[PDB]
Structures are given as C-alpha cells and as structure tokens.
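Single chain ahead, written as structure tokens, the form deposited in one PDB entry.
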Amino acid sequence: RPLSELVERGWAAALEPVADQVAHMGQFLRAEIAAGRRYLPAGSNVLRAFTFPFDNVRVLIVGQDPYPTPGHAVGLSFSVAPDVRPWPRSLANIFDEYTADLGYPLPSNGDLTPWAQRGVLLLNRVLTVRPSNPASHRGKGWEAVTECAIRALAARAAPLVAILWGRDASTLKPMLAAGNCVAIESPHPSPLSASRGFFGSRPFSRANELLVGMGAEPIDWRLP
C-alpha cells in the first residue's frame, strides 16, 4: 500500500524520499511474523504519528524506541492506551513534571492523543520493537525514515520547538539548525536520570514561551 493510504497527505509528501524504505519496512515486519517473532506496536499503529497533519506540527518530542512491554506501545512516543496501568515510570515522571510545570492535575490516564491532535509530534526514531527485547529493531531501516521526517519538518517555513530528552535525542540538534527551529534539551525522564535534570526543567511552559516568541500559538497541554 502507498504512503498516501497509510499517512496524512502532508506527511505522505514529506516522506516521499523514503517511500521505498517504508515499503521495505513493511516487508521486514512481514518477515518477522513469518520467522515467528512478534513486533510492537500493532501494525495499524506503527505510522500513527504521521496520521496527524504535517503542516499543523508545532512541537516535536523525540523518543528512541517503542515501549517493549507487551500492550504498552501505541505508535505515539511515550503514550499508552487509556486502560493501561500503572503508567510506565518514564511517563509517570513526564506527568509529574507536567503537573509541577503547568499546575494541572495529574492526568486521568496515559493517553497522549490530545497532544498529537494539537500538533505535538510524538515521534520515535525507531518505530517498532520485538516484545520484551528493548531496542531490538535498531538498525533495521527506521532511522532513515524518521530522519527524513525530522528534516522535512525542520525545512518547513513554520515555527517548531523540539523537546530533546536524553543524550541520543540531543544528537539531532544539527538537523534542527535552521532559524525557524529551536531545541530545548534535558536529561531523560527515566528514573535513572530524571532527578538529575528533568524534574524542574519546565519543558511545556518553555516550549510555549518559545512558540509565542516566534509568533506561533502555544500548545494547550491540558490532558483529561
């Protein structure tokens, strides 16, 4: 199936340069299932970040790989389905910062769909994983796909704030080089690092400060 059938119109055009690569990933995934390996998220969710309009994106929040725990990954970085509990600890930490930064109550559940609807791109660098095997689809072909996506996003005339959590995300700074882009960076929300620079970083309000200063509307971050 061609890109225009899988993703939103603007993303299909942005991702044209990697259309063959995306087809190849579908072949890889089929071969995984034929070899008796599973993958997450569900097939229908793999490209989900690209189902929300390319032109509407104002904030990029980069992830690395999908959650490897069965039933967690949903195709948007960090998000979980509404019935998932307890929250993955990175997400719980994200939510702690959300409350402290913004003053909102704890969200009711871990579903970040409203952010995606509002132009927050929840993009993992690698879009699939074998269950219980963290980072197991590194090097399988997604990195070129998601690099194309980020470069296309950065090339738009429109404002963009990139939120870069952890060392691997910070290495994308070169590709956000353009005057229309601005990166904020901190240690990752995982418990390993969170108290050494993530908590108190105020990424949500600062992203809004930056967008307003670039002439854009702020993100309404409020979750149910």
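Only residues modelled in both forms are compared. By rigid core we mean the largest C-alpha set that fits within 1.5 Å across both forms. Heads up: residue numbers just count along the shown sequence, starting at 1.
The following text describes the form deposited in another entry, which does not appear among the structures shown.
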query: Shifted position (C-alpha, 2 Å or more, core held fixed) between the shown form and the other one, chosen from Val46, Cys181, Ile61, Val57; finding: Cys181
query: Did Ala162 shift 2 Å or more between the shown form and the other one, C-alpha, core superposed; finding: no
query: Exceeds or equals 2 Å, Cα of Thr171 between the shown form and the other one, core fit; finding: yes
query: CA of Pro70, rigid core aligned, shift of 2 Å or more between the shown form and the other one; finding: no
query: Cα-Cα trend for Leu192 and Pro105, given that in the other form the distance shifts by 3 Å or more; finding: closer
query: Cα-Cα trend for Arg156 and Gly179, given that in the other form the distance shifts by 3 Å or more; finding: closer
query: Consecutive-residue runs (3+) with Cα displacement of 2 Å or more between the shown form and the other one, core aligned; finding: 165-167, 169-171, 178-192
